[PDB]
Each structure stands twice: as C-alpha cells, then as structure tokens.
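Numbering follows PDB author numbering, with no gaps: position 85 of the sequence shown is 85.
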Amino acid sequence: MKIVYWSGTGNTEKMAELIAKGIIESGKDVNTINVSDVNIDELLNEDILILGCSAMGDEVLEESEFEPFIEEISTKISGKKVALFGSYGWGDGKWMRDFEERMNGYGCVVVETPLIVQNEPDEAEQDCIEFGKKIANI
Ligand SMILES: Cc1cc2nc3c(=O)[nH]c(=O)nc-3n(C[C@H](O)[C@H](O)[C@H](O)COP(=O)(O)O)c2cc1C
Numbered sequence: 001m002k003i004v005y006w007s008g009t010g011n012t013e014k015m016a017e018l019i020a021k022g023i024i025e026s027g028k029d030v031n032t033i034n035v036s037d038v039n040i041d042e043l044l045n046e047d048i049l050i051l052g053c054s055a056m057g058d059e060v061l062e063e064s065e066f067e068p069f070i071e072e073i074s075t076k077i078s079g080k081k082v083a084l085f086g087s088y089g090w091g092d093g094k095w096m097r098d099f100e101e102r103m104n105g106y107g108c109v110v111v112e113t114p115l116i117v118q119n120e121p122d123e124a125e126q127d128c129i130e131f132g133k134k135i136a137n138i
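(1) Can you tell me whether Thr-75 is buried or exposed, with buried defined as 16 or more other CB within 10 angstroms of its CB?
(2) When we look at the beta-carbon of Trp-90 and count the other beta-carbons within 10 Å, is it buried (16 or more) or exposed?
(3) Helix, strand or coil: which one does DSSP assign to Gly-86?
(4) Please name the residue in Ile-50, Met-56, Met-15, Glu-65 whose C-alpha comes closest to that of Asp-37.
(5) Would you list the one or two residues that DSSP bridges to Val-60?
(6) Per DSSP, what kind of secondary structure is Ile-33 in: helix, strand or coil?
(7) Taking the CB atoms as reference points, tell me whether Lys-80 and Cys-108 lie closer together than 8 Å.
(8) DSSP three-state label for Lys-81, please.
(9) What residue from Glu-123, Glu-72, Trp-95, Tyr-88 has the CA that sits closest to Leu-44's CA?
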C-alpha cells in the first residue's frame, strides 16, 4: 500500500509513520511518501489511497503542494478506495469534512472515518496504529 502526506512541522508525518506501523503489524507492506516525491502513475495502481494533510488557513488543504496533487489525480480516481487523515490545531475538523466531501465528489469511496488528531500524536499514538490496522482489514 502507499501513504502520501504533506506535513509542515512533522505532526501529520508522525501520523503517517504510525499508520504504516499498524498496516505492517497486520502483516502487510506499505511505503510512506511525502507528496513532493510522489509519482502519480505508480500511485494510481493502488487499491487503496491513504492521504494525509494538516489543516491550513483557513480550514483548507495545504495550497502549494498538496492541493495541486489532489487536483491532478482528481479525474483518475473514480471508484478508488481512499482513507484520509491529518493533524489540526485550533479548529474542529472543518478542513477534513471538506476533504471527505471533495473525494466523495470525485467518485471515491472513503473507506473509514477520517482520522484527525490535534497537534502531535503523542497521546493518540495507538489510535494512529489502530487506523492503519483498520485499513489493513479492508
Ligand atoms: C498558516 C497555518 C494555518 C493553519 N490553519 C489552521 C486552521 O484553519 N485550522 C486548524 O485547526 N489548524 C490550523 N493550523 C494548525 C495546523 O493544522 C497544526 O499546527 C498541525 O498540527 C500541523 O501539522 P503538520 O506539522 O503536519 O503541518 C494552521 C497552521 C498554519 C502554519
């Protein structure tokens, strides 16, 4: 499987590592890729797309790297299964509700409830691991 993410201070990156750990513990293989290093064509061969990005201003996806990537793959992912995650600061997850609505609008099947954690995982570490374990049971 593959996990693609954008992280500005490392919070979503940490989430990505933990989710990967959960998938690996379930017996499966997975590679985490920062959005800057992604290859669209190889990504599109995946059964499940696990995408993460923190909440940027104001309650939107990061604009210089992540959004352009989402827009680029938007027309080629109808019918694909996707799982979403990301870290946020002071909001209540509005950016994630919009992210889910957007992927559904592109014809994707959002497989699990999006995983959102405030700031660095720390306390929510097992939660991140368990989310990966859920995706591995798909
Ligand atoms: C310019 C900027 C805008 C932000 N806007 C929001 C926002 O609208 N809502 C929110 O809850 N957090 C917001 N945050 C906080 C980040 O989502 C939060 O610090 C998160 O933990 C960052 O994770 P990352 O290290 O993976 O980027 C913003 C942070 C920055 C730098």
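Note that beta-carbon positions come from the ideal geometry of N, C-alpha and C, so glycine has one too.
In terms of the structure at hand:
(1) exposed
(2) exposed
(3) strand
(4) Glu-65
(5) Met-56
(6) strand
(7) yes
(8) Correct three-state label for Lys-81: strand.
(9) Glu-72
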